[PDB]
Each structure stands twice: as structure tokens, then as C-alpha cells.
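J.: My questions will all concern the structure given below.
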Amino acid sequence: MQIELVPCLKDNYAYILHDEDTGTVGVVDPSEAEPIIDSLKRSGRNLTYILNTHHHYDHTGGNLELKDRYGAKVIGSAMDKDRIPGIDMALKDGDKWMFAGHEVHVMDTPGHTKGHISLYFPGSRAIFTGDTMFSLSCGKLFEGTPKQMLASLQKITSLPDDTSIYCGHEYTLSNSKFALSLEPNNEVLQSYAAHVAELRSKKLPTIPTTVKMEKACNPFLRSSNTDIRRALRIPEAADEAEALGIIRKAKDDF
Ligand SMILES: [Fe+3]
Ligand SMILES: [Zn+2]
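Using the working numbering, read the sequence shown as starting at 9 and increasing by one per residue.
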């Protein structure tokens, strides 16, 4: 499966999924129809499926136009069925869904919203995490709790280290500045953050990231780290969920 990043809006990523044997095409999180249409006209293909990670307008804004234009089918969360525009098929946690005969494993990943899902394509060693996990951050907790976010992040990080993570936004550079404020002695983070700065200086994406990288660098996955806790005066006795909630509030106000 070829995964094409499609920049939308200011910093969103939609993903056009191209099956190689069939020419079936899907799109993950079409923020707006036009950039998707533009890409499809180039490849000279029709859109089969629209998949949404969560309900926010920046992930669902293009749904109705694309559905009407192409006769595409919208695939989204059963929890969010009344909030996903145009939804044809509603999927539950642990559901398997076939994208032209490639397995998609649906994971409920509440935290940013209640209803957010992530989409794991084991055959492509790829997961679409929406706004649950970014490179070096997690979504703001608009509907869910720190405990829910932690659990969701741990589901993602339980996948193989070589799993590529395709997330909803290009936030990595700003995220890296906050991460370095907390864990400046993390050399893997130092190196990554520099590479990110280089990519962004030439207007290239920092996505996909990987499970391995995020475990090594993302503060939200590293909340028991002594330096991070000391930087934020998080008590040694706090559990990981409490620590995450403190990190998230600090980042919001950074
Ligand atoms: Fe978003
Ligand atoms: Zn969102």
C-alpha cells in the first residue's frame, strides 16, 4: 500500500491510501475536499473510501463533498456515529475492516476526544493515530482524561517498534522545543530535534515517525523519567496518568 501525505489547511495531514493490486483508494482525515481532489486527478483515480479518526472539523470537513463527488463510503467510529458526517460504516474497538483485502485493526483511542479511533494496518507496519499521538506530543484533552490518554498511548506503543506512525498534524518542531525544555540530556531527542529543524527549514514533513522514536523522545511516553518529573515538580509518588496530566497542562501553557 502506498501512503501519500496530503497537507491540508495550515498543518493538517490527510493520507491517501493506494492499494497496488486493485487501485482501490482511501483517504484518512480529509480536512478539505479540494487538496484530495487535486491529488486524485493527478493519479487519475476515483476515491473508494473515506476514514476518519475523530469528529473534529479539521479531520471531517471534506467528507460530504468527497462522498457526494465520488460515491465514496465513509468509515468511522461507532462511538461517534452521530458526529461523523456521511458515515456509512461504524466500527468498534478490535474490529477488523478490509481495505481491498488488507486488514485494518480498529483501536479505540480516547483522550483528545471520546470516540477517537486509530487505524492499524499491520501489513504495512503503519498506524494512523489522528490527534491521539503526534511526533513528540499527544492531543490536547478536550473530552477525555489523562488516564484515557495514557491508556491510548500505551495501546499504540505496544505495537512493534518498527511501526510507522502517521498523525494528524505537523506539530513536531514546536513539540520538540517543549520536549527539550524537559529532557535536555536526552541525546536521541537532541539528534531527532535537530533533524526535525532541518526538515522544517526546507518545508518537508516530519511524518511518519515510529514507535521506537516516540518511545525514545516523546515526553508523554516518558512520564516516569526523573528529569521530566524534576523539571515539572511532578512528585515521585504520582502515577503515570497523573504525571501525563501535569505534562499536558504544562505544554498547553508553554
Ligand atoms: Fe486535528
Ligand atoms: Zn482533533
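C-beta: ideal position from N, C-alpha, C; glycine also.
Bridge partners for residue 16 per DSSP, in chain order?
T.: Paired residues: 20.
J.: So, helix, strand or coil for residue 161, using DSSP?
T.: Note: residue 161 maps to helix in three-state DSSP.
J.: Which residue or residues does DSSP assign as beta-bridge partners of residue 10?
T.: Bridge partners of residue 10: 26.
J.: For the beta strand (DSSP E) that contains residue 116, what are its first and last residues?
T.: Start and end: 110–116.
J.: Mind checking whether residue 215 and residue 174 have CB atoms under 8 Å apart?
T.: Yes, these two residues count as a Cβ contact at 8 Å.
J.: Can you give me the start and stop residues for the beta strand (DSSP E) that residue 85 sits inside?
T.: First-last of the beta strand (DSSP E) with residue 85: 81–85.
J.: Which of the three DSSP states is assigned to residue 262 in this structure?
T.: The answer is coil: DSSP assigns residue 262 none of H, G, I, E or B.
J.: With burial defined as no fewer than 16 other Cβ atoms inside 10 Å of the residue's Cβ, what is the status of residue 162: buried or exposed?
T.: Exposed.
J.: Can you grab the Cα-Cα spacing for the pair residue 186 / residue 141, in whole Å?
T.: Cα-Cα distance, rounded: 15 Å.
J.: In terms of residues, what are the limits of the beta strand (DSSP E) holding residue 104?
T.: Per DSSP, residue 104 belongs to the beta strand (DSSP E) from 104–107.
J.: For residue 127 and residue 138, what's the separation of their Cα atoms in angstroms?
T.: For residue 127 and residue 138, the distance between alpha carbons rounds to 9 Å.
J.: Strictly under 8 Å for the Cβ-Cβ distance: is residue 40 near chain C by that measure?
T.: In the structure shown, chain C cannot be found, because there is only a single protein chain.
J.: Which same chain residues, not among the five before or five after residue 249, have their C-beta less than 6 Å away from its C-beta?
T.: Closer than 6 Å at Cβ, skipping near neighbours: 154, 155, 158.
J.: Leaving out five residues before and five after residue 130 in sequence, what residues of the same chain have Cβ atoms less than 8 Å from its Cβ?
T.: Once the five neighbours on either side are set aside, the close Cβ partners of residue 130 are 111, 113.
J.: Between the region 11–21 and the region 29–39, do at least 3 Cβ pairs fall closer than 8 Å?
T.: Flag = yes, the region 11–21 and the region 29–39 touch.
J.: Using DSSP with H/G/I as helix, E/B as strand and the rest coil, what is residue 143?
T.: DSSP places residue 143 in coil when its eight states are reduced to three.
J.: Measuring CB to CB, does residue 260 end up less than 8 Å from residue 148?
T.: In this structure, residue 148 lies closer than 8 Å to residue 260 by Cβ.
J.: Are the CB atoms of residue 219 and residue 180 nearer to each other than 8 Å?
T.: Against a cut-off of 8 Å, the Cβ pair of residue 180 and residue 219 comes out as no contact.
J.: If you run the structure through DSSP and keep just helix, strand and coil, what is residue 240?
T.: Residue 240 falls in the coil class under three-state DSSP.
J.: Taking only heavy atoms of ligand 1 into account, decide whether any of them is closer than 7 Å to the Cβ of residue 63.
T.: No, ligand 1 has no heavy atom inside 7 Å of this Cβ.
J.: Just to confirm the assignment, what range does the alpha helix (DSSP H) spanning residue 182 have?
T.: 180–190 is the span of the alpha helix (DSSP H), which, as asked, contains residue 182.
J.: Determine, using beta carbons only, whether residue 87 and residue 116 come nearer to each other than 8 Å.
T.: For residue 87 and residue 116, yes; Cβs fall inside 8 Å.
J.: Nearest to residue 2 by CA position, among 73, 212, 26, 232, is which residue?
T.: Nothing can be reported for residue 2: it is not among the residues displayed for the chain, which extend from 9 to 262.
J.: Taking the straight line between their C-alpha atoms, what separation do you get for residue 246 and residue 236?
T.: If you take the alpha carbons of residue 246 and residue 236, they lie about 13 Å apart.
J.: Residues around ligand 1, please: the condition is that the C-beta lies closer than 5 Å to some non-hydrogen atom of it.
T.: The filter returns 66, 139, 176, in chain order.
J.: Just curious, the beta strand (DSSP E) that residue 68 is in, first and last residue?
T.: Looking at the DSSP string, residue 68 is not in any beta strand (DSSP E); the run it does join, the alpha helix (DSSP H), is 65–68.
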